[PDB]
Amino acid sequence: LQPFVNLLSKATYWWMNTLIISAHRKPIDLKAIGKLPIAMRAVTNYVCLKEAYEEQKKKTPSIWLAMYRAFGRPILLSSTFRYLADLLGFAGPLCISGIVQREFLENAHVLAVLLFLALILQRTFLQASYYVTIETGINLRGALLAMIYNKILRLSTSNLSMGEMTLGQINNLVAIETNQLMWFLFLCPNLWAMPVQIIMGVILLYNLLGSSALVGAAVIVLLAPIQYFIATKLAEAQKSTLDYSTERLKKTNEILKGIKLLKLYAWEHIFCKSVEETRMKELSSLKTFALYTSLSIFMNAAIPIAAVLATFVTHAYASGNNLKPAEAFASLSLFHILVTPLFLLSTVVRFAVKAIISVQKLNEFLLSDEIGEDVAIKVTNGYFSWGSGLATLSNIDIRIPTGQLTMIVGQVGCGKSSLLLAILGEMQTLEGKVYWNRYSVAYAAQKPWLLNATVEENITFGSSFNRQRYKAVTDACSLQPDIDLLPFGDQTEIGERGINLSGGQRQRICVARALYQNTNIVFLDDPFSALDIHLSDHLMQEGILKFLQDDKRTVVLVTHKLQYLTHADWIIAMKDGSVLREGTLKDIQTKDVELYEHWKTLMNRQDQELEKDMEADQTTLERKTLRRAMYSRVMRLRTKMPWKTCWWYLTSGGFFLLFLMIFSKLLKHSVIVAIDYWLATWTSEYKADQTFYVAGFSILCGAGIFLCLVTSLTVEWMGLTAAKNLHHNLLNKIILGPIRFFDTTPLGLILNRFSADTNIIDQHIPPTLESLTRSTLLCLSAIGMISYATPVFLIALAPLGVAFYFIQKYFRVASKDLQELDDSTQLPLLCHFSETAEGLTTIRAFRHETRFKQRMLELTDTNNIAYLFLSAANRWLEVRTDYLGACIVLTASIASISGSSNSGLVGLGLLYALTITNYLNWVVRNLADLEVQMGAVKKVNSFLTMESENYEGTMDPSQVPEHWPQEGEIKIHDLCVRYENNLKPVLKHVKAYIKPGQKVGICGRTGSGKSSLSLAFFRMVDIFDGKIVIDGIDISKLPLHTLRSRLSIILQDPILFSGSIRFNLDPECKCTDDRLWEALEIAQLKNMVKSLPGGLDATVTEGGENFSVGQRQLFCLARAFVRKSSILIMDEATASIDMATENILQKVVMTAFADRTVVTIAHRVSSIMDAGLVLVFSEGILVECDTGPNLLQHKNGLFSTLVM
Ligand SMILES: CCOc1cc(CC(=O)N[C@@H](CC(C)C)c2ccccc2N2CCCCC2)ccc1C(=O)O
Ligand SMILES: Nc1ncnc2c1ncn2[C@@H]1O[C@H](COP(=O)(O)OP(=O)(O)OP(=O)(O)O)[C@@H](O)[C@H]1O
Ligand SMILES: Nc1ncnc2c1ncn2[C@@H]1O[C@H](COP(=O)(O)OP(=O)(O)OP(=O)(O)O)[C@@H](O)[C@H]1O
Ligand SMILES: [Mg+2]
Ligand SMILES: [Mg+2]
C-alpha cells in the first residue's frame, strides 16, 4: 500500500500541505522549504544541457536539439498526461447527454458516478501535466542560467567584443529571454494538445447536432485569429505605454534626486506639470491599451454566444427534428470546453514566437568572442593584441623579479594596463610566450570594481578574516577615517545598491582587497590615480613598501608618480606598446642617460606644479561629503484581506462608474442565465413551430452580446479613471511634503511607489478585478441555478462551501509568502550576473571563477526552489478546487436524477455544475492576485496620506510688496534652529544684523550649523524660537513660494535639469531672451552657449553632464542673476570647482552682485578675511560676529585659528 499512498501524495500534492498549513502559524521562508533534489539542482541540469550542447557542436549547434535531448522525456510524459486529461474532459458532455436521455450504461446513477470518476481522473492528470512541465521549465531555466554564466566567465573584455551594450544584453538574457524560454516550455504541450482537443470537440459537436454544429464550430473557431490580432495590438499599445512611462519615470527620478534644490528655488510645481504632461500622454496610450483589452474580453465572451445562437437557429431551421435537451446541453458543454483552447492557442503561438527569438539571442550570445586558453613572470618576444589583428603590444620582452617591487612607467596610452592584462591573459597573444615561475594574482584594476556587499566583504573577497591583517591593510590604505563615517562601518553595504563612495575611496578599497589576499603576486594598475599626495605617499610607504615586503610579495605597480621610482627594485619603461628599456634605476641611468634626465625633468615639473596646488584637499572634500550624507541618519494582519483598500480603489473612479460596472455585470450574467433557461424551456418542448423560441433566443443572445460589450468597456473605463486619479494625487502630494521626508525615506522606495505600484494600478488591477468579478458571478449563478433545479443541493452547499473557505483561506496566505520569497530571490541572482559582467578581469586575475560559479549555482537553486514551491502551491489549490467541483457535479447529478423537474432543467443543472469546476480555482487565484495588488494600492494611499509643508502664509499677500527683498536687510533675533521636533537644536541664540548690500561671510568648523542658517533663510529647516526679518517682513509669516522664489541660493554641487538652457535659466519663462543672454554674459558663459547648437535652446543632459562642473556652477550663477533677488546665498559654491573657475566665480560675484547682499559660507576661510560682517559658528553657537579685520586683530580667536 506504500507505493499507492506515495502515488496519491504525489498526485494530490500532499507534500505541500504542511507547508501551506504552517503559513498561518509563521511566514514561509527559505529555511521552511528544503533544498532542491539532486535531479533538480541547477548543476545537474547544467551538466545535462551542456552535454547535449557539446553533442550538437560535435555535429551551427542547435539550442533546440540540446533542449530536446536534455529535457524532452518529461515533456513527453506531460503530453501523455495532457492527452489523457483532454480525453477524460469530453466525458463531461457525453455523460450529460447520457443522463439527460435517462443496458448497464443506460442507468443514470451509473453515468453520474462515471462522470465523477472521469472528472477526478481528468483533473489529476491535468495537474500532473502542469506540474511536470513547470518543473521541466524550471530545470531548463537553471541549466540556461548556468550556461550563460559560464559563457560570461569566458567572455573577452576587449572594446571590440565587450561593448557598452554587452552588459545590457546580458541582463536582458538573464531577466527576459531565459524567462520567455521557460514560459514557452511551460506552455509547449498546449501547442499540440489544444489543436487535437479542438478537433475532437468539433467532431463531438458534429456527432451531436449534424451539420448545424459546423456553423457554430466555424463561428467559435474564428476566435483564435481574432485573439491573435487583438494580442498584437495589445503588445503595440503596451510598448507605447512603456516608452511614455519610461520618460515619466526619468522625469520623476530627476525631480526626486534634486528635490531640495527645486524646493529652494520654488520650481517644484513647474516640474510637476512637466511630469503631468508625460503622464497624460502615457494615459492616452493606456487608454488605447485598455480599449484593446476590453475588445479581447468582449470577443472571448461574445464569440461563444454568437456561435451558440448560430448553431441553434441553424438547427431549428435546417434540421427536421425538434431540439432535444441532451443534444442542446451536451453541445453547450462542448462549446464551453472549446472556448478556452481557442482563446489561449494564440497566447501559446505568441510564446512560441518569442521563444524562437529568445533562442536566437541566446545562441548568438553563446557564440561570442572569449578569452583564449629569480623571475616570477617573464614575457619573451610577446606580441599581444586586443582582437583587431593589429598588435597593441609589439616585441614585449620583460622580466618581473620574484619578491621585488616592479614599476611600469610610461605616458598615457603606452599600454601599461595592456601589458598587465596580457600577462594575465586577457588579450590575444599573436606571438611570444609568457612563463610563470598560471597563478592567482591580486589585481587592483585601473577602474575600481566593487561588489554590492559590505566593506569587509569587499576587502576580504572570499578569504579568511584575520583581524591583524585586516587592520594592517585598512591602515595602509587609510580607510579607517572614512569607514568610521559610514553608518555601519565595515558592515556598510557599498557599491551600486549601497552607499555611494568617492572614486578615491573605491580605489583604496580595491587596493585594500588586493593587499589583503595572500597571493605572492600583486598587480596594481594606477592605484594613486584618484588619490592625493598624502594618501598616495602613506599607501606607498606602509602598503607597498612595508606591508607587501613583510610578506615578500611580487608587486607590479603601474604608476605615473615618477618620484616613487627610487623605491623600485625593477623598472619597466614603455612607449607606444613597447618597452624602451628595463632594469634597475641605476642601470637605466647608466645605459639610457636621456631617459633618466627626462624622468628627472618630469619629477621636477610635477613637484613645481603640485607645490601651488597642494592647498586643495581631495580627501577632506570626500570625507566631508561622506559625513554630510550621514547627517540625516502579524498573524491577524496576514489573513486580513484589505477590503477598505478595495473599496477606496473602486470608488476612486467615482460612484457612477462603480454602479455602472456592478449593474452591467449583474445584468449580463442574468441574461446569460436567461439564455440558458430559454434553451432549457425550448428543449423541454420535445416538428412544432420554432418561431417563438427562435425569436426569444435571438433577442436574448443579442442582449447578452451587447451587455458583454458594455461590461468590458465599463471595467476598463473604471480602471483608467482610478489609475489617473491615484497617480495625479500621489505626485502632487509627495512633492509638497517636507524635505525631511526625502532625507529620511530612500529614493528607492519613492521611485518604487512611482514605477511598480503605478504600473500595478494601471495595468494589473483592472484585468484582475474583471476576472475575479466574472468568475465569482459565474459561480454564484451556477450555484443559484443548481439550487433552483434541485433545492436539496443546498444541503450539500453547507459542507462544500465550508471546505472552499478553508481552501481559499490557507492558500491566500501561503502563496502570499511564496510570491514574496520568489521576489526576494530574483534580485540577488540578477545582480550576481551583473557583478560578473563588470569585474570579469578581476575575477579571472584572482582566479576566483569557481567561487563565483558556486555562488551563482546557490542563487539560482534558491530562486528555482522558491518558484517551484509557488507553482506547487498553485497545483495544490487546483487539485483541491477540482475535487470540490467533482463533488459538486456528483451531488448535482444525483439530486437531478432522483428528483427531476424536467429534462431541460436536468441538463441545465448538469451544465452549470460542470462549469463551476472551472471557475472555482480562478475565484481563489484572482482573489489572491487582487490582495497582492491592493497591497500596492495601499502603499500609494499611504504615500497620499502624508503631511505637507505649510505653503500658506499668515500675512496678507497684499501687505507683501511686489519687490519685497529690494534692499536686502536681514535681522536674526534669537534664532533657534532644529531639523525636526524631538531633536537637539542645531542653532542656538543666533543674533545678527546684516546690512543691506553687505557681504557677509559665514565660517566655522564642520558640523557647526552654517548650512542650517542658509536653510533657515529659506525655511527649509524648523525654526521654533526667534525670528528672521528680511527687509522688515518676518519670513515665518510668509507663503513658502513667495519667500523661496524671491531669494537666490547657490549650493556647493551644481545641478542642472534635463531640458533647454532657457528652461534651466527660468522654467517659469517670465524673463526675456535678452535678459537670459545678459545673464549668460554675466556668468562668463555667453560664448559657450553660442558655440552650442541653437544657443539658448541647446539640450542639457540630465544632471548637466554636457557641461563641466565649473560650467555648471557658472550656470547656477546665471540662474541666480536671472532671479534678481537682491539677497544671494552661496553655500560653499567655490568648493569642488577649479581654481581658475573659482576666480571667475569670485569676479562675477564681486562685479554683478555688488549691489546684492551676498551671504557666503566660505569654503576657504581666507576668502572672507575682508568681508564686512563675519559670523563664526561653533557647535551651533554664534561665537563671533564682527568685521573680518576686527576678528583678525583679536588674538587667540576662533576666526584667527581658522584662518591659520
Ligand atoms: C508558472 C506556470 O503557471 C501555470 C502554467 C500552466 C501550464 C499550462 O498549460 N497553462 C495553460 C492553462 C490551461 C487553461 C490550458 C495556458 C495556456 C495558454 C496560455 C496560458 C496558460 N496558462 C498560463 C498560466 C496561468 C493560467 C493560464 C498551468 C497552470 C499554471 C498556474 O499558474 O497554475
Ligand atoms: N579593453 C580594451 N579593449 C581594446 N583596446 C583597449 C582596451 N583597453 C585599452 N585599449 C587600447 O589599447 C591601447 C593601450 O592603452 P592602455 O589603456 O593599455 O594604456 P595605459 O598606459 O594603461 O594608459 P592610461 O594611462 O590612460 O591608463 C590604447 O590604444 C587603448 O585605446
Ligand atoms: N538633514 C539633516 N537632518 C537632521 N539633522 C541634520 C541634517 N543636516 C544636518 N543636521 C544636523 O545639523 C548639524 C549642523 O550641521 P549643518 O550641516 O547644518 O552645517 P555645517 O556645520 O556647515 O556642516 P558641514 O560643515 O558638514 O557642511 C549637523 O552637525 C547635524 O547634527
Ligand atoms: Mg592604464
Ligand atoms: Mg555646509
# chains A, B, ... in the order shown; residues from 1 in each chain; ligands from 1
>>> residues_near_ligand(ligand="ligand 1", cutoff="6 Å", atoms="only C-alpha atoms and all ligand atoms", output="PyMOL selection string")
chain A and resi 130+134+186-187+190+344+347-348+871+874
>>> residues_around(residues="residue 431 in chain A", least_positions_apart="3", cutoff="9 Å", atoms="only C-alpha atoms", output="PyMOL selection string")
chain A and resi 380-384+394-395
>>> select_by_dssp(residues="range 324-562 of chain A", states="alpha helix (DSSP H)", output="ChimeraX atom specification")
/A:325-366,416-423,455-460,467-476,480-484,503-516,533-538,548-550
>>> residues_near_ligand(ligand="ligand 2", cutoff="6 Å", atoms="only C-alpha atoms and all ligand atoms", output="PyMOL selection string")
chain A and resi 157-159+386+392+412-418
>>> write_last_selection(atoms="C-alpha atoms", output="PDB file, in the first residue's frame")
ATOM      1  CA  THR A 157      36.878  42.204 -22.234  1.00  0.00           C
ATOM      2  CA  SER A 158      38.097  43.953 -25.394  1.00  0.00           C
ATOM      3  CA  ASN A 159      36.192  47.046 -26.501  1.00  0.00           C
ATOM      4  CA  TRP A 386      43.132  43.387 -28.302  1.00  0.00           C
ATOM      5  CA  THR A 392      48.855  46.622 -29.384  1.00  0.00           C
ATOM      6  CA  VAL A 412      49.215  57.913 -21.123  1.00  0.00           C
ATOM      7  CA  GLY A 413      48.242  55.267 -23.655  1.00  0.00           C
ATOM      8  CA  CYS A 414      51.550  53.377 -23.608  1.00  0.00           C
ATOM      9  CA  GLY A 415      49.929  50.025 -22.886  1.00  0.00           C
ATOM     10  CA  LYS A 416      50.748  49.571 -19.211  1.00  0.00           C
ATOM     11  CA  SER A 417      47.255  48.298 -18.439  1.00  0.00           C
ATOM     12  CA  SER A 418      47.540  46.332 -21.684  1.00  0.00           C
TER      13      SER A 418
END
>>> residues_around(residues="residue 698 in chain A", least_positions_apart="4", cutoff="7 Å", atoms="only C-alpha atoms", output="PyMOL selection string")
chain A and resi 309+694+702
>>> closest_residue(among="A:941, A:227, A:197, A:517", to="residue 443 in chain A", atoms="only C-alpha atoms")
A:517
>>> decode(residues="range 24-63 of chain A", atoms="C-alpha atoms", output="tab-separated table (two decimals), in the first residue's frame")
chain	number	residue	atom	x	y	z
A	24	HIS	CA	-0.87	30.76	9.10
A	25	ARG	CA	1.38	29.95	12.06
A	26	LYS	CA	4.57	31.51	10.68
A	27	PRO	CA	5.69	33.11	7.41
A	28	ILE	CA	7.17	30.79	4.80
A	29	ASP	CA	10.91	31.33	4.41
A	30	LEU	CA	13.81	29.57	2.70
A	31	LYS	CA	14.52	27.52	5.83
A	32	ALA	CA	10.97	26.12	5.85
A	33	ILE	CA	11.45	24.97	2.27
A	34	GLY	CA	14.04	22.24	1.83
A	35	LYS	CA	16.84	22.03	-0.69
A	36	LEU	CA	16.42	21.20	-4.35
A	37	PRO	CA	16.68	17.46	-5.07
A	38	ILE	CA	19.82	16.35	-6.88
A	39	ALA	CA	17.80	15.76	-10.05
A	40	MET	CA	16.51	19.35	-9.76
A	41	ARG	CA	19.68	21.23	-8.81
A	42	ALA	CA	20.97	23.67	-11.40
A	43	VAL	CA	24.35	21.91	-11.58
A	44	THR	CA	22.96	18.56	-12.76
A	45	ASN	CA	20.66	20.21	-15.31
A	46	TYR	CA	23.55	22.38	-16.48
A	47	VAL	CA	25.71	19.29	-16.98
A	48	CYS	CA	22.93	17.55	-18.91
A	49	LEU	CA	22.25	20.56	-21.15
A	50	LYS	CA	25.97	21.15	-21.66
A	51	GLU	CA	26.49	17.53	-22.70
A	52	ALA	CA	23.62	17.84	-25.18
A	53	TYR	CA	25.01	21.13	-26.50
A	54	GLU	CA	28.50	19.66	-26.93
A	55	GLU	CA	26.99	16.67	-28.74
A	56	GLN	CA	25.32	19.14	-31.09
A	57	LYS	CA	28.59	21.05	-31.52
A	58	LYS	CA	30.30	17.79	-32.49
A	59	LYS	CA	27.93	17.53	-35.50
A	60	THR	CA	25.73	25.66	-36.06
A	61	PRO	CA	24.94	23.97	-32.70
A	62	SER	CA	21.21	23.69	-32.07
A	63	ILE	CA	19.88	25.02	-28.78
